[PDB]
Amino acid sequence: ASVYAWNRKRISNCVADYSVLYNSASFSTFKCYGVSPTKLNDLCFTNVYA
Amino acid sequence: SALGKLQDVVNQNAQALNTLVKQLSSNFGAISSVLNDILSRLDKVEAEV
Amino acid sequence: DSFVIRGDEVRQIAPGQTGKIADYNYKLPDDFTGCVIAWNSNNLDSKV
């Protein structure tokens, strides 16, 4: 999307291997807030919004 | 109502201890009042702050 | 300590970082004392 009409996708009812995301070094930066990217694989969430 | 002093001495301690307990719920500018949240959510370098 | 590495991985050469090189190539202490120095040696190290 354009930022003007920015796109939200809700992610739900699924298993998320965030280690695969964090290890994909095509991603130039991966800052995180309230959580460290290491611990994402140990947590569980009531909703996720991308 | 006659034993006002003795009942007050118990009440003052109950207020003090319940304040000391309730202060565990205070954030003090941390991410959570519950220590296990921080330790499950963060790497040590961030958790120490 | 000295080695060559890819320029985008240079971030990992700091205490408590995450990433493959800092995990299982060369790992810094959490409480490291010292200095880290790097440069884009493409004029000396490249060839392919």
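Neighbour counts run over all protein chains shown; Cβ positions are idealised from the backbone, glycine included. A short reminder: the numbers here are calculations on the coordinates, not readings from a lab.
In the neighborhood of residue C:4, defined by Cβ-to-Cβ distances under 13 Å, what is the net charge if each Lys or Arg adds +1 and each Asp or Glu adds -1? After counting each charged neighbour, the total is -1.
Rounded to the nearest Hz, the phi-derived 3J(HN,Hα) couplings of the stretch A:36-41 under the Karplus curve 6.51 cos²θ - 1.76 cosθ + 1.60 (θ = phi - 60°) are 9, x, 4, 6, 3, 6, where x marks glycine and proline.
Here the residues C:9, B:48, ranked from fewest to most Cβ neighbours within 10 Å of their Cβ, fall in the order B:48, C:9.
Overall form of chain A: oblate. Here a/c, set by the Cα gyration tensor axes a ≥ b ≥ c, is 1.5 or more, and a/b is not larger than b/c. When only Cα pairs below 8 angstrom with a gap of at least 6 residues are kept, chain C shows a relative contact order of 29 percent. Sequentially through the stretch B:2-8, phi angles give Karplus couplings (6.51, -1.76, 1.60; θ = phi - 60°) of 5, 7, x, 4, 5, 5, 4 Hz, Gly and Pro residues having no value and appearing as x.
Taken one residue at a time, the phi angles of the stretch B:13-25 give Karplus couplings (6.51, -1.76, 1.60, θ = phi - 60°) of 5, 4, 4, 5, 5, 5, 5, 4, 5, 4, 4, 5, 6 Hz. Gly and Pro are set to x. Report the residues of the stretch A:21-37 in range of a label on residue A:9: point 7 Å along Cα→C-beta, backbone N strictly under 19 Å from it. Output list for this probe position: A:21-31. Counting neighbouring beta carbons within 10 Å and listing from fewest to most, the residues C:18, A:46, B:19 come out as A:46, B:19, C:18.
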